[PDB]
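Below you'll find the structure, written out as structure tokens, and then a few comments.
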Amino acid sequence: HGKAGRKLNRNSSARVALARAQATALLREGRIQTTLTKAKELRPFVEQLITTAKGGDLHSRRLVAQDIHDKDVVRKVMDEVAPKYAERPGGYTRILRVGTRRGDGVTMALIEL
Amino acid sequence: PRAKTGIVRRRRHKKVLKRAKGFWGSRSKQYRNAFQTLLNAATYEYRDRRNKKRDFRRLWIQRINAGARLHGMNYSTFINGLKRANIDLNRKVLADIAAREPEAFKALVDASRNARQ
Amino acid sequence: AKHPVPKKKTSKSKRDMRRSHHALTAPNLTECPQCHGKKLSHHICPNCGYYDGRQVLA
Amino acid sequence: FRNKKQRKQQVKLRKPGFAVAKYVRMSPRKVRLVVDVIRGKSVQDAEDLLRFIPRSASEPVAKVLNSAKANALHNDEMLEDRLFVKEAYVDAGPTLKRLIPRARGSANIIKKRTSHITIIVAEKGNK
RNA sequence: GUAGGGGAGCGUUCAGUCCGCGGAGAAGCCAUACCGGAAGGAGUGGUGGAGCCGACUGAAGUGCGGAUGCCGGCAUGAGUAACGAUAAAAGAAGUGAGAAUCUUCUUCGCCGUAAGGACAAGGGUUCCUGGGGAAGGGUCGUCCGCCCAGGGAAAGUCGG
RNA sequence: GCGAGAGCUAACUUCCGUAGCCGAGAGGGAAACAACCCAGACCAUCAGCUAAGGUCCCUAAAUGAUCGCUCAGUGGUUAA
RNA sequence: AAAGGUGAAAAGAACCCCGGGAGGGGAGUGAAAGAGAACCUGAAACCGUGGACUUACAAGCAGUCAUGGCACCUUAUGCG
Ligand SMILES: CC[C@H]1OC(=O)[C@H](C)[C@@H](OC(=O)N2C=CC[C@@H]2c2ccc(NC(C)=O)cc2)[C@H](C)[C@@H](O[C@@H]2O[C@H](C)C[C@H](N(C)C)[C@H]2O)[C@](C)(OC)C[C@@H](C)C(=O)[C@H](C)[C@H]2NC(=O)O[C@@]21C
Ligand SMILES: [Mg+2]
Ligand SMILES: [Mg+2]
């Protein structure tokens, strides 16, 4: 059959780049408009980065630095965002569905922190 | 001079096309098949004209021993009596009597039974 | 040449018969609570940009 | 009555609540699909549905509907809150033929079909 | 009743003669349950918008279902196969009637004895600027090698 | 079909003679079926008699009459 | 190669509405716009929209004949 669990519409290398790229964008911007699916897939990965950063020690930073290649974003996540989510029992990131696009007819969506 | 087709064909074509009234698909729409269908219809038309003449006699014969048997007779037997009573030359519309007027039909069954026995 | 090929033209009937399932389904449009311009269920209202509060610009 | 000659000058032939987008560069078949939902519906539902049918034929069709609406009001002085899609149909425009190249040297012909999208609005009237 | 022979005619164009018809509506087209033994031929209505039946005789590029017939239009296959290298992409900001596709920023990825750069051949204005947005662009374009207008090309020593 | 040869006293075989039909023959019959049986369609009828064939029901018309035979479904695959 | 046709005259449609436009509807011109510049007639194949009668136990050279049901009366109520 196919009872696995994850997505991949590209190849290993790329599936990672995308997740890391959208993870960097959401943390840079605070909210990003993307395809509904790409947004559904992004949600767990960014939520996981917030928890790693919630450590607040060097090891926790360097672990974020593995997926967040932008130096300024890693500082923002580490010193600004994770602290704010201290008492949030890791949940925050929400998805809003906008509606169908022109060229491909794809339903767009929002993903905000 | 030059004698072009213009009108002659279209008139002949529309004629055949109009014979094809409630013909299915292309048979009522395209000339070649419309005309083609009509050749076969021709066979059917000439045949069925003299075929209906067999069909009705059979319907009539059927209604006859239907009534003849109702009074304990049959077609073979009932018609033989009506033949023996020469006087009876009914033959045609002997089925209307059997269908519409039972009382009157009995009279003929009774008359046939006599001329026979 | 072009290996399997159709044997006869498919009639005006036959062709249209397979078309019986092509008819589009109109959206289930709902009236918007705070600008009334119709919206899709579970989507942000295109006119006011609301989804309980106003989420999107314009 | 008189004769035809006179009738032509006496009665001048009107198109109440009718509009047409002639020579629309889309395929009839494809365009019909959208028109098919809009037919019979009240000009406002028609307007609202079109904004959400995710088909590119939607824009052309919606435009005709607004022309038919405007015409119904401005020209024929009809009542807006009574307008409905009495009739809509897509007729085939002339085909833009184009020559596409295939394998081993052979050519083919692409038919870029065009549409004649006509929609006619009328007042409802139950009574 | 096949090949075939014989007979009687229907229809088309052109011509000559006669009789007429027509913008108060010709031909042609469309509908029709009427007529004649057939080919066929009328009446009526509709459309058309300027030519034209009927009769007698003459003449023919004179009657089509076929020829893998010729020209043209339009169907079926079917909303199907495909959309031309598996070197990706992501987001933000801008523009606009309209934006996955145009511009800008930041990343990402691919080539790097090349997928960078300079000629020659060949092409012929494709170059730059401003504007366009029907077709061309395998999708969309607000963009382009496309469309319009203006400009640009400078030799005693380079090549002839 | 009949009369012969060739052939295996095979062939929907071949080749002569002869008669018929099909070819160029519609109509009924033989389930279907060029040829066999009946019969040669000038047109019309919602009249009648017959032919070859038929008369349980499909399917027109006797589930007729008399004396018999056959119980194998023989009838509804051939021989020593 | 293929390609001809507004109208008698350009009087070639000012102005208003929907639309970026295309396209259309009006107003006006004209005898006619039932001639509007994809401009005489505008067949047929082919694509639709609307109405009548119909069709989801049916084996189909798609007709033909017979009958019944519905429907319509402009060579048309005995009949169609
Ligand atoms: C690849 C495409 C091309 O087709 C081809 O080449 C393929 C391979 C050929 O197949 C064949 O030969 N075989 C296929 C089956 C057996 C045979 C074959 C026999 C023996 C061997 N031996 C070994 C041991 O290998 C191999 C193949 C084609 C089909 C050929 O047709 C066959 O002809 C035989 C004579 C009679 C066959 N039937 C009728 C019995 C018939 O099938 C032929 C002649 O084309 C060559 C047709 C014409 C129409 C074309 O020319 C088209 C336009 C081609 N031209 C073009 O470019 O496209 C093509 C379609
Ligand atoms: Mg032909
Ligand atoms: Mg023996």
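Ordering of the structure tokens sets the chain letters (A, B, ...), residue numbers begin anew at 1 in every chain, and ligands are numbered from 1 in the order given.
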
(request) Residues up to 10 Å from ligand 2, counting only C-alpha atoms (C1' of nucleotides) and all ligand atoms: could you list those as a PyMOL selection string? (result) (chain B and resi 32) or (chain E and resi 64-67+69)

Expected file: the selected residues, N, CA, C and O atoms (P, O5', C5', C4', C3', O3' and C1' of nucleotides), as a PDB file, in the first residue's frame:
ATOM      1  N   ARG B  32     -26.316  11.085 -48.763  1.00  0.00           N
ATOM      2  CA  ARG B  32     -25.894   9.757 -49.181  1.00  0.00           C
ATOM      3  C   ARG B  32     -26.530   8.666 -48.371  1.00  0.00           C
ATOM      4  O   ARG B  32     -27.032   7.721 -48.961  1.00  0.00           O
TER       5      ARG B  32
ATOM      6  P     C E  64     -26.456  16.095 -60.736  1.00  0.00           P
ATOM      7  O5'   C E  64     -25.672  14.741 -60.487  1.00  0.00           O
ATOM      8  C5'   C E  64     -26.352  13.492 -60.472  1.00  0.00           C
ATOM      9  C4'   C E  64     -25.475  12.446 -59.790  1.00  0.00           C
ATOM     10  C3'   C E  64     -24.924  12.759 -58.403  1.00  0.00           C
ATOM     11  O3'   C E  64     -25.031  11.501 -57.712  1.00  0.00           O
ATOM     12  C1'   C E  64     -23.155  12.330 -59.903  1.00  0.00           C
ATOM     13  P     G E  65     -25.787  11.412 -56.305  1.00  0.00           P
ATOM     14  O5'   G E  65     -24.553  11.947 -55.437  1.00  0.00           O
ATOM     15  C5'   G E  65     -24.122  11.674 -54.138  1.00  0.00           C
ATOM     16  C4'   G E  65     -22.923  10.742 -54.145  1.00  0.00           C
ATOM     17  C3'   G E  65     -22.216  10.402 -55.442  1.00  0.00           C
ATOM     18  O3'   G E  65     -20.817  10.329 -55.259  1.00  0.00           O
ATOM     19  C1'   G E  65     -22.913   8.414 -54.355  1.00  0.00           C
ATOM     20  P     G E  66     -19.745  11.430 -55.681  1.00  0.00           P
ATOM     21  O5'   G E  66     -18.365  10.605 -55.645  1.00  0.00           O
ATOM     22  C5'   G E  66     -18.035   9.486 -56.441  1.00  0.00           C
ATOM     23  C4'   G E  66     -17.929   8.281 -55.516  1.00  0.00           C
ATOM     24  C3'   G E  66     -16.891   7.185 -55.823  1.00  0.00           C
ATOM     25  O3'   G E  66     -16.129   6.734 -54.640  1.00  0.00           O
ATOM     26  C1'   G E  66     -18.992   6.236 -55.462  1.00  0.00           C
ATOM     27  P     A E  67     -14.806   7.405 -53.982  1.00  0.00           P
ATOM     28  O5'   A E  67     -13.674   7.148 -55.083  1.00  0.00           O
ATOM     29  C5'   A E  67     -13.541   5.833 -55.638  1.00  0.00           C
ATOM     30  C4'   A E  67     -13.073   5.820 -57.081  1.00  0.00           C
ATOM     31  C3'   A E  67     -11.696   6.395 -57.360  1.00  0.00           C
ATOM     32  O3'   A E  67     -10.720   5.417 -56.992  1.00  0.00           O
ATOM     33  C1'   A E  67     -13.267   6.923 -59.102  1.00  0.00           C
ATOM     34  P     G E  69      -9.404   9.716 -51.713  1.00  0.00           P
ATOM     35  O5'   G E  69      -9.248   9.977 -53.290  1.00  0.00           O
ATOM     36  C5'   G E  69     -10.385  10.029 -54.165  1.00  0.00           C
ATOM     37  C4'   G E  69      -9.994  10.415 -55.577  1.00  0.00           C
ATOM     38  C3'   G E  69      -9.821  11.902 -55.792  1.00  0.00           C
ATOM     39  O3'   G E  69      -8.476  12.291 -55.637  1.00  0.00           O
ATOM     40  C1'   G E  69     -11.429  11.014 -57.314  1.00  0.00           C
TER      41        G E  69
END

(request) Would you mind listing the residues within 12 Å of ligand 1, counting only C-alpha atoms (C1' of nucleotides) and all ligand atoms, as number ranges by chain? (result) C: 1-3; D: 103-106

(request) Enumerate as a PyMOL selection string the residues belonging to chain C that approach chain A to within 7 Å, with only C-alpha atoms taken into account. (result) chain C and resi 42-44

Dump of N, CA and C atoms for the selected residues, as a PDB file, in the first residue's frame:
ATOM      1  N   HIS C  42     -14.798  28.273   5.200  1.00  0.00           N
ATOM      2  CA  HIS C  42     -13.453  28.099   5.747  1.00  0.00           C
ATOM      3  C   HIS C  42     -12.390  29.020   5.141  1.00  0.00           C
ATOM      4  N   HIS C  43     -12.811  29.898   4.229  1.00  0.00           N
ATOM      5  CA  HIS C  43     -11.905  30.876   3.654  1.00  0.00           C
ATOM      6  C   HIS C  43     -12.139  32.278   4.246  1.00  0.00           C
ATOM      7  N   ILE C  44     -11.136  33.167   4.123  1.00  0.00           N
ATOM      8  CA  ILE C  44     -11.210  34.554   4.557  1.00  0.00           C
ATOM      9  C   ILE C  44     -12.095  35.282   3.551  1.00  0.00           C
TER      10      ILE C  44
END

Throw together the list of residues within 12 Å of ligand 3, counting only C-alpha atoms (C1' of nucleotides) and all ligand atoms, and drop it here as a PDB file with N, CA, C and O atoms (P, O5', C5', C4', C3', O3' and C1' of nucleotides), in the first residue's frame.
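Resulting contents of pocket_8.pdb:
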ATOM      1  P     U F  78     -27.749 -42.617 -38.179  1.00  0.00           P
ATOM      2  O5'   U F  78     -26.499 -42.995 -39.099  1.00  0.00           O
ATOM      3  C5'   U F  78     -26.519 -44.335 -39.599  1.00  0.00           C
ATOM      4  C4'   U F  78     -25.204 -44.779 -40.202  1.00  0.00           C
ATOM      5  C3'   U F  78     -24.866 -46.232 -39.952  1.00  0.00           C
ATOM      6  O3'   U F  78     -25.716 -47.171 -40.589  1.00  0.00           O
ATOM      7  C1'   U F  78     -22.933 -44.977 -39.740  1.00  0.00           C
ATOM      8  P     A F  79     -26.015 -48.545 -39.799  1.00  0.00           P
ATOM      9  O5'   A F  79     -24.703 -49.420 -40.074  1.00  0.00           O
ATOM     10  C5'   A F  79     -24.342 -49.671 -41.418  1.00  0.00           C
ATOM     11  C4'   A F  79     -22.928 -50.185 -41.544  1.00  0.00           C
ATOM     12  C3'   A F  79     -22.674 -51.518 -40.862  1.00  0.00           C
ATOM     13  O3'   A F  79     -23.257 -52.603 -41.564  1.00  0.00           O
ATOM     14  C1'   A F  79     -20.955 -50.049 -40.318  1.00  0.00           C
ATOM     15  P     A F  80     -23.807 -53.888 -40.784  1.00  0.00           P
ATOM     16  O5'   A F  80     -22.483 -54.772 -40.695  1.00  0.00           O
ATOM     17  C5'   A F  80     -21.796 -55.092 -41.899  1.00  0.00           C
ATOM     18  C4'   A F  80     -20.426 -55.656 -41.609  1.00  0.00           C
ATOM     19  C3'   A F  80     -20.429 -56.875 -40.698  1.00  0.00           C
ATOM     20  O3'   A F  80     -20.751 -58.084 -41.399  1.00  0.00           O
ATOM     21  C1'   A F  80     -18.865 -55.317 -39.900  1.00  0.00           C
TER      22        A F  80
END

(message) If DSSP is run on the backbone, what residues of chain A are alpha helix (DSSP H)? A reply as a ChimeraX atom specification would be ideal.
(response) /A:12-29,36-53,58-65,71-75,82-84

(message) as a PyMOL selection string, please: the residues near segment 19-23 of chain D (cut-off 7 Å, only C-alpha atoms (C1' of nucleotides), same-chain neighbours under 6 positions excluded).
(response) (chain D and resi 64+67-68+93+114-120) or (chain G and resi 23-25)

Store the residues of this selection in a file with N, CA and C atoms (P, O5', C5', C4', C3', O3' and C1' of nucleotides), as a PDB file, in the first residue's frame.
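Now in out_27.pdb:
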ATOM      1  N   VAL D  64     -20.119  39.972 -19.932  1.00  0.00           N
ATOM      2  CA  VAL D  64     -21.353  39.936 -20.724  1.00  0.00           C
ATOM      3  C   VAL D  64     -22.536  40.156 -19.805  1.00  0.00           C
ATOM      4  N   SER D  67     -22.901  43.650 -18.967  1.00  0.00           N
ATOM      5  CA  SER D  67     -23.349  44.438 -20.099  1.00  0.00           C
ATOM      6  C   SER D  67     -24.841  44.227 -20.229  1.00  0.00           C
ATOM      7  N   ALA D  68     -25.304  42.962 -20.177  1.00  0.00           N
ATOM      8  CA  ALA D  68     -26.731  42.633 -20.225  1.00  0.00           C
ATOM      9  C   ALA D  68     -27.498  43.312 -19.109  1.00  0.00           C
ATOM     10  N   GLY D  93     -17.413  31.117 -32.649  1.00  0.00           N
ATOM     11  CA  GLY D  93     -16.875  32.152 -33.524  1.00  0.00           C
ATOM     12  C   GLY D  93     -16.038  31.548 -34.641  1.00  0.00           C
ATOM     13  N   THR D 114     -12.894  30.231 -31.174  1.00  0.00           N
ATOM     14  CA  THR D 114     -13.352  31.507 -30.576  1.00  0.00           C
ATOM     15  C   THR D 114     -14.813  31.427 -30.203  1.00  0.00           C
ATOM     16  N   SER D 115     -15.257  32.272 -29.262  1.00  0.00           N
ATOM     17  CA  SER D 115     -16.644  32.238 -28.783  1.00  0.00           C
ATOM     18  C   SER D 115     -17.512  33.500 -28.994  1.00  0.00           C
ATOM     19  N   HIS D 116     -18.830  33.275 -29.090  1.00  0.00           N
ATOM     20  CA  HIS D 116     -19.852  34.311 -29.193  1.00  0.00           C
ATOM     21  C   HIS D 116     -20.763  34.109 -27.975  1.00  0.00           C
ATOM     22  N   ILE D 117     -20.373  34.741 -26.855  1.00  0.00           N
ATOM     23  CA  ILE D 117     -21.040  34.612 -25.554  1.00  0.00           C
ATOM     24  C   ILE D 117     -22.134  35.651 -25.431  1.00  0.00           C
ATOM     25  N   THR D 118     -23.377  35.193 -25.532  1.00  0.00           N
ATOM     26  CA  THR D 118     -24.549  36.042 -25.430  1.00  0.00           C
ATOM     27  C   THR D 118     -25.364  35.683 -24.201  1.00  0.00           C
ATOM     28  N   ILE D 119     -25.687  36.698 -23.404  1.00  0.00           N
ATOM     29  CA  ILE D 119     -26.559  36.535 -22.249  1.00  0.00           C
ATOM     30  C   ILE D 119     -27.664  37.589 -22.273  1.00  0.00           C
ATOM     31  N   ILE D 120     -28.923  37.143 -22.071  1.00  0.00           N
ATOM     32  CA  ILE D 120     -30.163  37.926 -22.063  1.00  0.00           C
ATOM     33  C   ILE D 120     -30.880  37.887 -20.701  1.00  0.00           C
TER      34      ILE D 120
ATOM     35  P     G G  23     -14.308  45.233 -31.929  1.00  0.00           P
ATOM     36  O5'   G G  23     -15.566  44.413 -31.333  1.00  0.00           O
ATOM     37  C5'   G G  23     -15.953  43.030 -31.592  1.00  0.00           C
ATOM     38  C4'   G G  23     -16.907  42.583 -30.496  1.00  0.00           C
ATOM     39  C3'   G G  23     -18.252  43.269 -30.500  1.00  0.00           C
ATOM     40  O3'   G G  23     -19.164  42.745 -31.438  1.00  0.00           O
ATOM     41  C1'   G G  23     -17.432  43.442 -28.353  1.00  0.00           C
ATOM     42  P     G G  24     -20.078  43.777 -32.275  1.00  0.00           P
ATOM     43  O5'   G G  24     -21.261  44.071 -31.228  1.00  0.00           O
ATOM     44  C5'   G G  24     -22.110  43.079 -30.648  1.00  0.00           C
ATOM     45  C4'   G G  24     -22.492  43.496 -29.240  1.00  0.00           C
ATOM     46  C3'   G G  24     -23.702  44.387 -29.085  1.00  0.00           C
ATOM     47  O3'   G G  24     -24.955  43.852 -29.468  1.00  0.00           O
ATOM     48  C1'   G G  24     -22.041  45.108 -27.658  1.00  0.00           C
ATOM     49  P     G G  25     -25.893  44.728 -30.457  1.00  0.00           P
ATOM     50  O5'   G G  25     -26.597  45.717 -29.428  1.00  0.00           O
ATOM     51  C5'   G G  25     -27.459  45.093 -28.483  1.00  0.00           C
ATOM     52  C4'   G G  25     -27.701  46.040 -27.340  1.00  0.00           C
ATOM     53  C3'   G G  25     -28.631  47.191 -27.667  1.00  0.00           C
ATOM     54  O3'   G G  25     -29.989  46.826 -27.711  1.00  0.00           O
ATOM     55  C1'   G G  25     -26.801  48.005 -26.532  1.00  0.00           C
TER      56        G G  25
END

(message) I'd like the neighbourhood of residue 71 of chain G as a PyMOL selection string, where a residue qualifies if any of its atoms comes within 12 Å (using only C-alpha atoms (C1' of nucleotides)), though same-chain residues fewer than 6 positions away should be ignored.
(response) chain G and resi 52-54

(request) Choose the residue, out of G:60, G:28, G:46, G:79, that has the smallest atom-to-atom separation from chain C; count only C-alpha atoms (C1' of nucleotides). (result) G:46

(message) At a cut-off of 12 Å, which residues of chain B touch chain C? Count only C-alpha atoms and give the answer as a ChimeraX atom specification.
(response) /B:24-26,29

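Taking atom CA of residue 52 of chain B as the reference point, atom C1' of residue 65 of chain G is found at 6.7 Å.
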
(message) Please report the interatomic distance between atom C1' of residue 50 of chain E and atom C1' of residue 21 of chain E in Å with one decimal.
(response) 12.9 Å

May I have the residues of chain E within 7 Å of chain B, counting only C-alpha atoms (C1' of nucleotides), written as a PDB file with N, CA and C atoms (P, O5', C5', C4', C3', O3' and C1' of nucleotides), in the first residue's frame?
ATOM      1  P     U E  12     -35.642  23.302 -65.802  1.00  0.00           P
ATOM      2  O5'   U E  12     -34.083  23.588 -66.002  1.00  0.00           O
ATOM      3  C5'   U E  12     -33.243  23.803 -64.884  1.00  0.00           C
ATOM      4  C4'   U E  12     -31.789  23.646 -65.265  1.00  0.00           C
ATOM      5  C3'   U E  12     -31.262  24.672 -66.234  1.00  0.00           C
ATOM      6  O3'   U E  12     -31.038  25.862 -65.566  1.00  0.00           O
ATOM      7  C1'   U E  12     -30.413  22.592 -66.774  1.00  0.00           C
ATOM      8  P     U E  13     -31.579  27.190 -66.254  1.00  0.00           P
ATOM      9  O5'   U E  13     -30.375  27.546 -67.247  1.00  0.00           O
ATOM     10  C5'   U E  13     -29.235  28.202 -66.713  1.00  0.00           C
ATOM     11  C4'   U E  13     -28.047  28.083 -67.641  1.00  0.00           C
ATOM     12  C3'   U E  13     -28.143  28.917 -68.902  1.00  0.00           C
ATOM     13  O3'   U E  13     -27.783  30.267 -68.649  1.00  0.00           O
ATOM     14  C1'   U E  13     -27.620  26.750 -69.519  1.00  0.00           C
ATOM     15  P     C E  14     -28.727  31.411 -69.272  1.00  0.00           P
ATOM     16  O5'   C E  14     -28.245  31.357 -70.814  1.00  0.00           O
ATOM     17  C5'   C E  14     -26.967  31.859 -71.212  1.00  0.00           C
ATOM     18  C4'   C E  14     -26.590  31.352 -72.586  1.00  0.00           C
ATOM     19  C3'   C E  14     -27.462  31.843 -73.714  1.00  0.00           C
ATOM     20  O3'   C E  14     -27.192  33.186 -74.063  1.00  0.00           O
ATOM     21  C1'   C E  14     -27.315  29.560 -73.924  1.00  0.00           C
ATOM     22  P     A E  60     -24.340  21.257 -81.032  1.00  0.00           P
ATOM     23  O5'   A E  60     -23.698  22.037 -79.785  1.00  0.00           O
ATOM     24  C5'   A E  60     -23.134  21.415 -78.660  1.00  0.00           C
ATOM     25  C4'   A E  60     -23.148  22.389 -77.494  1.00  0.00           C
ATOM     26  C3'   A E  60     -22.462  21.898 -76.221  1.00  0.00           C
ATOM     27  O3'   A E  60     -21.914  22.978 -75.479  1.00  0.00           O
ATOM     28  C1'   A E  60     -24.680  22.285 -75.754  1.00  0.00           C
ATOM     29  P     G E  61     -20.361  23.247 -75.679  1.00  0.00           P
ATOM     30  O5'   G E  61     -19.689  22.570 -74.399  1.00  0.00           O
ATOM     31  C5'   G E  61     -19.352  21.177 -74.184  1.00  0.00           C
ATOM     32  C4'   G E  61     -19.163  20.953 -72.688  1.00  0.00           C
ATOM     33  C3'   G E  61     -20.408  21.124 -71.830  1.00  0.00           C
ATOM     34  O3'   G E  61     -20.366  20.185 -70.797  1.00  0.00           O
ATOM     35  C1'   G E  61     -18.792  22.654 -71.091  1.00  0.00           C
ATOM     36  P     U E  62     -21.191  18.821 -70.763  1.00  0.00           P
ATOM     37  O5'   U E  62     -22.641  19.362 -70.437  1.00  0.00           O
ATOM     38  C5'   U E  62     -22.934  20.104 -69.283  1.00  0.00           C
ATOM     39  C4'   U E  62     -24.392  19.864 -68.978  1.00  0.00           C
ATOM     40  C3'   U E  62     -24.772  18.406 -68.851  1.00  0.00           C
ATOM     41  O3'   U E  62     -24.246  17.944 -67.627  1.00  0.00           O
ATOM     42  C1'   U E  62     -26.445  19.563 -70.034  1.00  0.00           C
ATOM     43  P     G E  65     -25.787  11.412 -56.305  1.00  0.00           P
ATOM     44  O5'   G E  65     -24.553  11.947 -55.437  1.00  0.00           O
ATOM     45  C5'   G E  65     -24.122  11.674 -54.138  1.00  0.00           C
ATOM     46  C4'   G E  65     -22.923  10.742 -54.145  1.00  0.00           C
ATOM     47  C3'   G E  65     -22.216  10.402 -55.442  1.00  0.00           C
ATOM     48  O3'   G E  65     -20.817  10.329 -55.259  1.00  0.00           O
ATOM     49  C1'   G E  65     -22.913   8.414 -54.355  1.00  0.00           C
TER      50        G E  65
END

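In chain D, the set of residues within 12 Å of chain A (atoms considered: only C-alpha atoms) is residues 51, 52, 53, 54, 55, 56, 57, 58 and 59 of chain D.
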
Can I get the selection written as a tab-separated table (two decimals), in the first residue's frame, with C-alpha atoms?
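That gives us again20.tsv:
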chain	number	residue	atom	x	y	z
D	51	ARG	CA	-16.59	35.45	-8.82
D	52	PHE	CA	-15.90	31.90	-7.39
D	53	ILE	CA	-16.07	29.45	-10.37
D	54	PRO	CA	-12.27	28.81	-10.83
D	55	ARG	CA	-12.36	28.83	-14.62
D	56	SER	CA	-10.83	31.39	-16.90
D	57	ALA	CA	-14.14	31.63	-18.90
D	58	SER	CA	-15.61	33.29	-15.76
D	59	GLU	CA	-14.10	36.75	-16.62

(request) Return as a list in words the residues belonging to chain C that are within 8 Å of chain D, counting only C-alpha atoms. (result)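 The contacting residues on chain C are residues 23, 24, 25, 26, 27, 29 and 38 of chain C.
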
(request) When you get a sec, could you note down which chain F residues fall within 8 Å of chain B, using only C-alpha atoms (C1' of nucleotides), as a PyMOL selection string? (result) chain F and resi 46-47+60-62

Could you turn the residues from that selection into a file that holds N, CA, C and O atoms (P, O5', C5', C4', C3', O3' and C1' of nucleotides), as a PDB file, in the first residue's frame?
ATOM      1  P     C F  46     -55.559  -3.501 -47.754  1.00  0.00           P
ATOM      2  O5'   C F  46     -55.760  -5.081 -47.603  1.00  0.00           O
ATOM      3  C5'   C F  46     -55.864  -5.704 -46.327  1.00  0.00           C
ATOM      4  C4'   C F  46     -57.267  -5.826 -45.741  1.00  0.00           C
ATOM      5  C3'   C F  46     -58.495  -5.215 -46.420  1.00  0.00           C
ATOM      6  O3'   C F  46     -59.485  -6.264 -46.504  1.00  0.00           O
ATOM      7  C1'   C F  46     -58.456  -4.615 -44.128  1.00  0.00           C
ATOM      8  P     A F  47     -60.382  -6.645 -47.773  1.00  0.00           P
ATOM      9  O5'   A F  47     -61.073  -7.979 -47.214  1.00  0.00           O
ATOM     10  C5'   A F  47     -60.681  -9.307 -47.544  1.00  0.00           C
ATOM     11  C4'   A F  47     -61.844  -9.981 -48.250  1.00  0.00           C
ATOM     12  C3'   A F  47     -61.645 -11.432 -48.656  1.00  0.00           C
ATOM     13  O3'   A F  47     -62.222 -12.305 -47.704  1.00  0.00           O
ATOM     14  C1'   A F  47     -62.122 -10.160 -50.573  1.00  0.00           C
ATOM     15  P     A F  60     -51.126 -19.154 -34.463  1.00  0.00           P
ATOM     16  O5'   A F  60     -51.288 -18.686 -35.996  1.00  0.00           O
ATOM     17  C5'   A F  60     -52.432 -18.062 -36.608  1.00  0.00           C
ATOM     18  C4'   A F  60     -52.785 -18.613 -37.994  1.00  0.00           C
ATOM     19  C3'   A F  60     -53.268 -20.058 -38.084  1.00  0.00           C
ATOM     20  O3'   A F  60     -54.641 -20.172 -37.775  1.00  0.00           O
ATOM     21  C1'   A F  60     -51.645 -19.678 -39.759  1.00  0.00           C
ATOM     22  P     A F  61     -55.198 -20.669 -36.356  1.00  0.00           P
ATOM     23  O5'   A F  61     -56.156 -21.861 -36.800  1.00  0.00           O
ATOM     24  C5'   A F  61     -56.963 -21.842 -37.978  1.00  0.00           C
ATOM     25  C4'   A F  61     -56.640 -23.005 -38.889  1.00  0.00           C
ATOM     26  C3'   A F  61     -56.561 -24.314 -38.145  1.00  0.00           C
ATOM     27  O3'   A F  61     -57.840 -24.785 -37.854  1.00  0.00           O
ATOM     28  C1'   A F  61     -54.719 -24.130 -39.566  1.00  0.00           C
ATOM     29  P     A F  62     -58.159 -25.422 -36.424  1.00  0.00           P
ATOM     30  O5'   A F  62     -57.321 -26.782 -36.539  1.00  0.00           O
ATOM     31  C5'   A F  62     -57.638 -27.883 -37.377  1.00  0.00           C
ATOM     32  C4'   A F  62     -58.099 -29.037 -36.515  1.00  0.00           C
ATOM     33  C3'   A F  62     -57.039 -29.522 -35.549  1.00  0.00           C
ATOM     34  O3'   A F  62     -57.160 -28.754 -34.378  1.00  0.00           O
ATOM     35  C1'   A F  62     -57.893 -31.362 -36.703  1.00  0.00           C
TER      36        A F  62
END

Restrict the calculation to only C-alpha atoms (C1' of nucleotides), then for each residue of chain E with any atom at most 9 Å from an atom of chain A give the closest atom pair and their distance in Å to one decimal, rows by chain and rising residue number, as CSV.
residue,atom,partner,partner_atom,distance
E:88,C1',A:14,CA,6.9
E:89,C1',A:18,CA,7.2
E:90,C1',A:21,CA,5.7
E:91,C1',A:25,CA,5.6
E:92,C1',A:29,CA,7.8
E:99,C1',A:102,CA,8.3
E:100,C1',A:103,CA,6.3
E:101,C1',A:103,CA,8.2
E:107,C1',A:21,CA,7.6
E:108,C1',A:17,CA,7.0
E:109,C1',A:14,CA,8.6
E:139,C1',A:103,CA,7.8
E:140,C1',A:103,CA,6.3

(request) Step one, run DSSP on the backbone; step two, keep only residues of segment 8-111 of chain A assigned to strand (DSSP E); then write them as an NGL selection string. (result) :A and (31-35 or 94-100 or 107-111)

(message) Neighbouring residues of segment 74-81 of chain D were defined as those with any atom within 12 Å, considering only C-alpha atoms (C1' of nucleotides); residues of the same chain fewer than 3 positions away were excluded. Please report them as a list in words.
(response)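 The residues that qualify are residues 14, 15, 16, 17, 18, 19, 42, 43, 44, 45, 66, 67, 68, 69, 70, 71, 84, 121, 122, 123, 124 and 125 of chain D; 16, 17, 18, 25, 26 and 27 of chain G.
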
(request) Write out as a list in words every residue belonging to chain E that has an atom at most 12 Å from any atom of chain C, counting only C-alpha atoms (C1' of nucleotides). (result) residues 75, 76, 77, 78, 79 and 81 of chain E
